[PDB]
Amino acid sequence: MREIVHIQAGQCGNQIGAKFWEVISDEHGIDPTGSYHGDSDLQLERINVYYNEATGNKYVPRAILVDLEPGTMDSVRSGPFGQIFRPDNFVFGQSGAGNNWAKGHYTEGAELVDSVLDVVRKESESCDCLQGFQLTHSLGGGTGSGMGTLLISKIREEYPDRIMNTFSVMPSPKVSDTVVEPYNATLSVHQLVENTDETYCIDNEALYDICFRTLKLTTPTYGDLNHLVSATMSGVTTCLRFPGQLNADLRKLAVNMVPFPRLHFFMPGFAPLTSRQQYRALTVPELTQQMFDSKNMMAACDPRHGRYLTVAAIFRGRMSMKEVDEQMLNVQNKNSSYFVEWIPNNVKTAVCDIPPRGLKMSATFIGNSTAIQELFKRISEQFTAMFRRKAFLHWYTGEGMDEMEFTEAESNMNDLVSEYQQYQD
Amino acid sequence: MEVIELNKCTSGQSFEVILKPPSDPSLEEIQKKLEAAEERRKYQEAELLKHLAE
Amino acid sequence: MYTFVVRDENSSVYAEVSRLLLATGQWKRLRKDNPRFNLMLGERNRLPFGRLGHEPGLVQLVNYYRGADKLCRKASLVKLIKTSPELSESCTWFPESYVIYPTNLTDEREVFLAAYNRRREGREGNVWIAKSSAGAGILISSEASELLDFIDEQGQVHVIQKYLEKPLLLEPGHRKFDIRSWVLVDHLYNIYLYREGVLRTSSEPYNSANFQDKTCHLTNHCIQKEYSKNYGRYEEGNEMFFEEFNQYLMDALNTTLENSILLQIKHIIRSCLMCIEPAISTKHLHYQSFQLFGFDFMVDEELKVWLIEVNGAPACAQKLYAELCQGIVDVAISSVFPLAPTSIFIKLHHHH
Amino acid sequence: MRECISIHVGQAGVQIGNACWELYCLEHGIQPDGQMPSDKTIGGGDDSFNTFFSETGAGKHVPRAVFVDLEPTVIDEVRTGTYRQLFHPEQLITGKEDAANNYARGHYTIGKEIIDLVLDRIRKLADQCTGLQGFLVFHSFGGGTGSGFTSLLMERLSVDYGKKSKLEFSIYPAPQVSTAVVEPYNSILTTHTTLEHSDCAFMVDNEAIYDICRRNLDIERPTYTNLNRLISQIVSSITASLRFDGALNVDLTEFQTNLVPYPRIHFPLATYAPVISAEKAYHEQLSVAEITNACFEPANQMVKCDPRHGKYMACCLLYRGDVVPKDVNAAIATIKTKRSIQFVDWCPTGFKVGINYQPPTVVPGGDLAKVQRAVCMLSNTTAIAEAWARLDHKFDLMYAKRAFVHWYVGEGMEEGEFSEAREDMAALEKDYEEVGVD
Ligand SMILES: Nc1nc2c(ncn2[C@@H]2O[C@H](COP(=O)(O)OP(=O)(O)OP(=O)(O)O)[C@@H](O)[C@H]2O)c(=O)[nH]1
Ligand SMILES: Nc1ncnc2c1ncn2[C@@H]1O[C@H](COP(=O)(O)OP(=O)(O)CP(=O)(O)O)[C@@H](O)[C@H]1O
Ligand SMILES: Nc1nc2c(ncn2[C@@H]2O[C@H](COP(=O)(O)OP(=O)(O)O)[C@@H](O)[C@H]2O)c(=O)[nH]1
Ligand SMILES: [Ca+2]
Ligand SMILES: [Ca+2]
Ligand SMILES: [Ca+2]
Ligand SMILES: [Mg+2]
Ligand SMILES: [Mg+2]
Ligand SMILES: [Mg+2]
């Protein structure tokens, strides 16, 4: 019994989190009412990692829904699986955060954070042995970004020895809501560098390009992008939700993936990604080629621009584990110039027999690559283009922030970029 | 090629063949090591809480 | 796409092999410390054999046989011949040799003097030569006192062996020479003899009454090009190749290189390498080995062939680098890692 | 009769321990319920098998074993498995969260809080022994518990049982069956702090077992079950002398006397033959010469290395099955005339031979085929140093960048303990070279 507490904050965080529970509920045989209707014991083997067991054999997700406005969470509660969430785990305000990191972190968010922590504390007190926490949120808004990183800071204060994990959606001008997203992202990235153990970087531009160029979606919607995030979140957590000895728990995954405490930002990937030739069987060589192809990754970073510190691959479905090892060893041995040579055997592979819904087999990719610095470089450049003219700063100073805090967030991320650069050489 | 020390019993036998002749920390010190590492963990956590208190 | 690393930058032979491998567009060179390699062109000294063959999914191959130093060390070769029953102490193609440790350090001093005194009393030729592996450091003398005193002034193991006083002298010139044969042993332990050898000749007349001037007694390519005044007079770079040498043996001695010499060379190569095969074979090993050897022979006036030494990291004659290096790629590297004639080698068959 | 207590630490130790005791029971005719019909002394006795099994008044034969793991999932398999009835709950110790492949977490953070409990459970077993010899300790090098908690336990055992011998069965890390990148760190850290407390350690390289399973057993992708059943056959061959009537290696002290003349060089190489697939139509039974000759082939060594380029300090031949001394000496003579076997000049060139007439027992439904004769050779070669070199090299590559070091420092370990442990290994490699090379 190694329980994980799930938190989803803000519009993006709640919309992506909703789909996440919708996907894994289907995999574990949990219906919208919390009743189990699967046909395999593997589904319930590690079911208590994400679900609490209530009276009558009901399974309730260990999820906490947080937002500063009610709109998005009303939709979740009215959504497909909306009734499966614990009613008391909806914690929301009415003011909103106005896409403002300061409102989520210092003013509006501060007024609501204590009530969220009461729910977190309640979920933790019922855990036989809490592994840690995972948070879904975007970095470009106000609630998930500002109040999300506030929650992380206070969770770490109350549970300093638990693992903190996040799925963080990075903003992109191509899929943008407001011009202040680089401000909110730079402020959050510093908080993540300090107070998370693992952050899966999800770039909305990568998700967009995949929907447009690969999936052949003429006009991608947030829903389409979230389908990619759902499928990816299910892949990276397969190790935690089913029987296995590789990256079995959050701390063991961190120990194998994070060689330096600040370089804990991962590029995820998923395969296949087929446009609707969708019934064609996919071979192991094809799964591996795509899984390592940049076009299949969601950080919008070219891996051939940096080097992999560590890699974790997860293959799902009934397949030749012998042929898995062969193709994985083929990728490393045919491109070993992109893997640092001072971390021996830094590519780990894991197999799982249960494939995702509607797929004979799939592969999820988790890479700790120095190429991720390109993502922070983009954000830093957009930040400085506005900050050099102090554009849009009044939204933040009006909430009590000072310009010095922006300068420090700027330096902190440029330091992070420099730290990646030294390990790429 | 000599056989020596032949011992036989109901369940087996053993012998030696020669081809050629030839030519701590106390309980106290263990506790200090453990407690010293525990102290370094407490100090590091105190600095973390102090950082969070700021 | 096969991968290889280079760990000996001073190797002229494997510099060309590395150049050829890349020319195929099917081999990729990695940094010298990258362990994900198929082929290692290893260093001469302290090659880390223990780290080979532990990479999952990689068939790994190295260009040196672990333990072949026993054959390619002056003192080691002497000990191997005297102690191996396959070669025996009465081995008829290796000059009488003795291992002599300087007195400032088993040792065969007394055994050498016994055989030395026997020759001195029987009016026989008693000219010996002292040498070692730590040389560029050679002394030729007929007095045992000078030979032993010369070794004590040094601090490394030496070997004293009989000096061939009746060498075969080419004409015109009356000059000494030695024969260098290149031999490639692949991972299956096939013994391939390169069809091309080289006679490294002396450009000075052989003088048996003056062992003080060593230019006409030592046929090393570096000594002839530094202290000899007739370098390149008879043949380019004091290098006569088998075609010319064979034509000579026919015009002067009415015989062929194959009959008079090459049979003895092939016999010697087989005997040496078959002897150590059980100790260095990589048949059932987690990695594979091959290696290029440079055998050096001496021919006496009776057309009897003598083994001088075996070199583990030999160099090649300038005119023969292309052909031999391509051969190394064909039979030694591509035989394990195939690519997407009339062989230049002579297979010396034997029982494994 | 003198008792031996087996201690299993971490996932590797526990699962290998479970396979061994399964084999021990089939060998001694003990049923899953602990009953032993052949034992005519009910509730007691000082027979050879009593070194590993105690007895209750009801006739149950209970292993003298303690299982320890900082996480309950692996030991819960024993509590509900085929042999759940053999052990009682006091023998099975489990925590709630593991060491996360972190030596410092198993040794310091978690080890400090559970060490006194483990010692108490061992003390209960020791109090049943009339003349305890010592301990057999099973663990992996790579796990956080197997590495970190074992070294702490070995330190305390030397304190609480100063005059008792301690042997190890250690699992050397192999990437083909490992997902932990820091295992070289853990291996070197645990060897440094365990070196002075272990009298004799049998290393098994998972790479060797893995390839034997694929090559000889025709298993395309071996599992831990396949690996552990083969490992327990080798373990059984090594401990048979303590559990059966005999005169060779009859107590733990003799293991050191016959295998370890120099205390630091206490890692004997194990070689086992023959390993034959059960799925085979039917195999031609190998002779004493053929299986003995097999003991000098790298393919069947528990650690891949080249004994032709080392020097032997001791050599035991442990035969099980239809084997008479006449054939052993005949095959040995023939092997000397063909193989490269060089002993150190300060040791006799000889072989200690033990023969047990009972052929190897094979678990029903397992992968190994029944064979009429088998041998396990235990030789102390300097060639096994190749394994330290490999491991120390991987250590140097990561430590040069201080990769993953913060995980250990964060659990209370000082960075200086890395270099302190590495320097001890550098001295260990130097000792092997001084003994083996000229
Ligand atoms: N041969 C064999 N090796 C195993 C087995 N289980 C784990 N290993 C090896 O042990 C190493 C991992 O260490 P573990 O023993 O699993 O870890 P641990 O001792 O439980 O310590 P923790 O970090 O707390 O989990 C890897 O190299 C595995 O290949 C097993 O059942 N048989
Ligand atoms: N016993 C002997 N009788 C006659 N000449 C000898 C001899 N031993 C050595 N020589 C001469 O010495 C020369 C080379 O000696 P040696 O081979 O021992 O030194 P070396 O190893 O530095 C040259 P290489 O390794 O390139 O063959 C030969 O050309 C040979 O003519
Ligand atoms: N992938 C994805 N991104 C979103 C979604 N909704 C908003 N975003 C992104 O998140 C950022 C806006 O943050 P948002 O979550 O709406 O603000 P918040 O409610 O205050 O936390 C912008 O970069 C948007 O592009 C969504 O449903 N999916
Ligand atoms: Ca208010
Ligand atoms: Ca009894
Ligand atoms: Ca002791
Ligand atoms: Mg919004
Ligand atoms: Mg030489
Ligand atoms: Mg464990």
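Letters go in sequence order (proteins before strands), and every chain restarts at 1.
Looking only at atom types and distance, the side chain of A:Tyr222 has no donor-acceptor partner in the side chain of A:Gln11 under 3.5 Å away. Residues A:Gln8 and A:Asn14 have side chains that bring a donor and an acceptor to within less than 3.5 angstrom of each other. The closest side-chain donor-acceptor pair between A:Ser25 and A:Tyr51 falls under 3.5 angstrom. Remark: the D:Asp76 side chain and the D:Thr94 side chain contain no N/O donor-acceptor pair separated by less than 3.5 Å. No hydrogens or angles considered: nothing links the side chains of A:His6 and A:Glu123 as a donor-acceptor pair under 3.5 Å. A:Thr199 and A:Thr196 form a side-chain donor-acceptor contact under 3.5 Å, judged by distance and modelled atom types alone. In summary, the side chains of A:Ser168 and A:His137 do present a donor paired with an acceptor at a separation below 3.5 Å, with no hydrogens or angles considered.
In this structure, A:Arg77 satisfies the cation-pi test against A:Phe90, with its NZ or CZ atom closer than 6.0 Å to the six-membered ring centre and inside 45 degrees of the ring normal.
The closest donor-acceptor contact from the side chain of A:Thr237 to the backbone of A:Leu240 lies at 3.5 Å or more, if one exists at all. Judged purely by atom type and a 3.5 angstrom limit, A:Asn184 uses its side chain to pair as donor or acceptor with the backbone of A:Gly141. Distance alone, capped at 3.5 Å, is enough to place a donor-acceptor pair between the A:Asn368 side chain and the A:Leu263 backbone. In terms of modelled atom types and a separation under 3.5 Å, the side chain of A:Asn89 and the main chain of A:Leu65 share no donor-acceptor contact. Side-chain N or O atoms of B:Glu47 include none that pairs as donor or acceptor with a backbone N or O of B:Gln44 at under 3.5 Å.
With a 4.5 Å cut-off on side-chain heavy atoms, A:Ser369 and A:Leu309 do not count as touching. For the pair A:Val189 and A:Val193, the minimum side-chain heavy-atom distance is below 4.5 Å. In this structure, the side chains of D:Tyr408 and D:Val182 come closer than 4.5 Å at one or more pairs of heavy atoms. Side-chain contact between A:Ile4 and A:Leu250 is present, with heavy atoms from C-beta onward closer than 4.5 Å. Between A:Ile379 and A:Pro171 there is a side-chain heavy-atom pair separated by less than 4.5 Å. With a 4.5 Å cut-off on side-chain heavy atoms, A:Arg241 and A:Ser234 count as touching. Inter-residue side-chain proximity for A:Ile314 and A:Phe242 is flagged as unmet; no heavy-atom pair is nearer than 4.5 Å. Side-chain contact check for A:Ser115 versus A:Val119: every heavy-atom pair is 4.5 Å or farther apart.
A:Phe265 and A:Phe376 have perpendicular rings, their planes meeting at more than 60° on a 0 to 90° scale where under 30° would count as parallel.
For A:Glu158, the CD atom is densely surrounded, since the number of other residues' heavy atoms within 6.0 Å is greater than 12. The neighbour count for A:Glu111 CD, taken as heavy atoms of other residues, nucleotides or ligands under 6.0 Å away, does not exceed 12. Atom NE2 of D:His406 is surrounded by more than 12 heavy atoms from other residues, nucleotides or ligands within 6.0 Å.
Applying the ring pair (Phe, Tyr, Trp, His ring centres under 6.0 Å) test to pairs two or more places apart or on separate chains, none has a residue in residues 57-82 of chain A.
For the residue pair D:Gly106 and D:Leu70, the shortest heavy atom distance occurs at CA-CD1, 4.2 Å. Counting all heavy atoms, side chain and backbone alike, A:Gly104 lies closest to A:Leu150 at O-CD2, 4.1 Å. Contact record, A:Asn256 with A:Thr310: O-CG2, 3.5 Å, taken as the closest heavy-atom pair. The heavy-atom pair separating A:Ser153 from B:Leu52 by the smallest distance is OG-CD2, 3.7 Å. The heavy-atom pair separating A:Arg46 from A:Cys239 by the smallest distance is NH2-O, 3.1 Å. Nearest heavy atoms, A:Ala299 versus A:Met267: CB-CG, 3.6 Å.
Residues satisfying the side chain to side chain donor-acceptor pair (under 3.5 Å) test with A:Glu45, not counting sequence neighbours, are none. Judged as a ring pair (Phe, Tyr, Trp, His ring centres under 6.0 Å), and not counting sequence neighbours, the contacts of A:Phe383 are A:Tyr183, A:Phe387. Annotation: side chain to side chain donor-acceptor pair (under 3.5 Å) contacts of A:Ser145 (sequence neighbours excluded): A:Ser188. Contacts of A:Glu205 classified as salt bridge (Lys or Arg N to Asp or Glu O under 4.0 Å), with partners at least two apart in sequence or in another chain: A:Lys174. Under the salt bridge (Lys or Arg N to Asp or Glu O under 4.0 Å) criterion, A:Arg378 pairs with A:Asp203, sequence neighbours left out. Remark: A:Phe133 pairs with A:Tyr159 by the ring pair (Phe, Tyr, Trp, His ring centres under 6.0 Å) rule, at least two apart or across chains. Residues meeting the salt bridge (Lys or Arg N to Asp or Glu O under 4.0 Å) test with D:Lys112, sequence neighbours left out: B:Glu38. Under the ring pair (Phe, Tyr, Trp, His ring centres under 6.0 Å) criterion, A:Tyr208 pairs with no residue at all, not counting sequence neighbours. Under the salt bridge (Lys or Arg N to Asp or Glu O under 4.0 Å) criterion, A:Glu22 pairs with A:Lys19, not counting sequence neighbours. With sequence neighbours left out, A:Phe167 forms a ring pair (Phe, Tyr, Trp, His ring centres under 6.0 Å) with A:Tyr200.
Taken to the nearest 0.5 Å, the CE atom of A:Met170 stands 10.5 Å off from the CG atom of A:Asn204. The line from CG of A:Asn165 to CZ of A:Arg251 is 12.5 Å long, rounded to the nearest 0.5 Å. Residue A:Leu68 holds its CG atom at 10.5 Å from CE of A:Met73, rounded to the nearest 0.5 Å. Remark: A:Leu207 CG to A:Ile210 CD1 distance equals 6.0 Å, nearest 0.5 Å. The distance from atom OG of A:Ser362 to atom CZ of A:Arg357, rounded to the nearest 0.5 Å, is 14.0 Å. The OG1 atom of A:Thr232 lies 6.5 Å from the CG atom of A:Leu228; values are rounded to the nearest 0.5 Å.
Under a 4.0 Å N-O distance rule, the pair A:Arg2/A:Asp128 does not qualify as a salt bridge. The existence of a salt bridge linking A:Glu53 and A:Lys58 is excluded, since no basic side-chain nitrogen approaches an acidic carboxylate oxygen closer than 4.0 Å. One finds a salt bridge joining A:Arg162 and D:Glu97 here, because a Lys/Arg side-chain nitrogen approaches an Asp/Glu carboxylate oxygen to under 4.0 Å. Here A:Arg316 pairs with A:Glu27 in a salt bridge; the nearest charged N to carboxylate O distance falls below 4.0 Å.
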Just list the side-chain donor-acceptor pairs under 3.5 Å for residues 403-412 of chain A, sequence neighbours left out, or say none.
unit_1: A:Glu403; atom_1: OE1; unit_2: A:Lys390; atom_2: NZ; d: 3.0
unit_1: A:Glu403; atom_1: OE2; unit_2: A:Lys390; atom_2: NZ; d: 3.3
unit_1: A:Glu405; atom_1: OE1; unit_2: A:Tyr106; atom_2: OH; d: 3.3
unit_1: A:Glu405; atom_1: OE2; unit_2: A:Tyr106; atom_2: OH; d: 2.4
unit_1: A:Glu410; atom_1: OE2; unit_2: A:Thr384; atom_2: OG1; d: 2.7
unit_1: A:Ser411; atom_1: OG; unit_2: A:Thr407; atom_2: O; d: 3.4
unit_1: A:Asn412; atom_1: ND2; unit_2: A:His190; atom_2: ND1; d: 3.2
unit_1: A:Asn412; atom_1: ND2; unit_2: A:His190; atom_2: NE2; d: 3.3
unit_1: A:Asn412; atom_1: ND2; unit_2: A:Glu408; atom_2: O; d: 2.8

